[PDB]
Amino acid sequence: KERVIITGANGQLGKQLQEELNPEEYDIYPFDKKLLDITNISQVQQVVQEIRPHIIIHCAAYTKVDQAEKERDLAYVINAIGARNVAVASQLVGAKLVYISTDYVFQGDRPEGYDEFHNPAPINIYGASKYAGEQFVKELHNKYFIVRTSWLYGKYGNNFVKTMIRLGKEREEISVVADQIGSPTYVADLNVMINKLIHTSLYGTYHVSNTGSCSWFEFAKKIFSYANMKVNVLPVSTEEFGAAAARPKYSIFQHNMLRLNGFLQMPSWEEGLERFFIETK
């Protein structure tokens, strides 16, 4: 009857991960920002000592990509220092640590993607802050799973899929960026993989995302395809959209670690999106 702590339980993952972990196997201890402030080490240790968990799924993070450029110290304090504090505590209790990371740790300029062994080169403050976060984890703990994902969206909270369906009903046409390729990842599919990793000790860095490349534009079209909504999508560039943070033109991962560790391949983003509508009918 293992114990699992989830940091940042109110976010997209925490909110949905908390519901997908089998309760008749683990004692799920979710914590919000106020009940477990990642930036307060004294508090982090108190909570981790008392509950003393076997597993810790660290979802807490500052996910404001654009504003990250204007508030750098705040990006690091949360993403870097925060991961360092949770790392320390994880070590004192000997808990397996799952650190969720991103594809912004790379330049994202290669169409085929990057494997878990290529040296990262953060493209923006957000990416750099979590890379620093990953390093404190490897440096201060020895039972972890660095899970990099991208274009994550789930049942709870606002996301690109809910926005299209919301705006789609009112518009006759809608313009979406089409010069940024990526791979939409549905939380449910990610959680399934996280769940598989926590039952083992195959520690390391893993890229978990849905299969196939895509683009907000093509993704947008297919969202309306399954939604069965007749609306047009106009392809626009990044310069006309005006971005305060520099996204990559190719944010795709190579799924080596999963394939090298006997795990099966993730479903396609196309297929990951299907189960989204099915579950949120």
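Quick note: we count residues from 1 along the sequence shown, nothing fancier.
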**Study point:** Comparing 172 to 180 with 116 to 124, the one whose average Cα B-factor in the PDB entry is higher
**Key:** 172 to 180
Check your understanding: Mean C-alpha B factor from the entry: is it higher for 32 to 40 or for 237 to 245?
Key -> 237 to 245
**Study point:** Residue, from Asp109, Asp189, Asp103, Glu134, that the PDB entry assigns the highest Cα B-factor
**Key:** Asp109
Review point. Sorting the chain's CA B-factors, does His58 end up in the lowest, middle or highest third?
Key: lowest
Exercise for review: Would you mind ranking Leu167 by its C-alpha B-factor against the rest of the chain and naming the third, lowest, middle or highest?
Suggested key: highest
Practice item. Grab the CA temperature factor for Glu71 from the record and place it in the lowest, middle or highest third of its chain. Key: highest
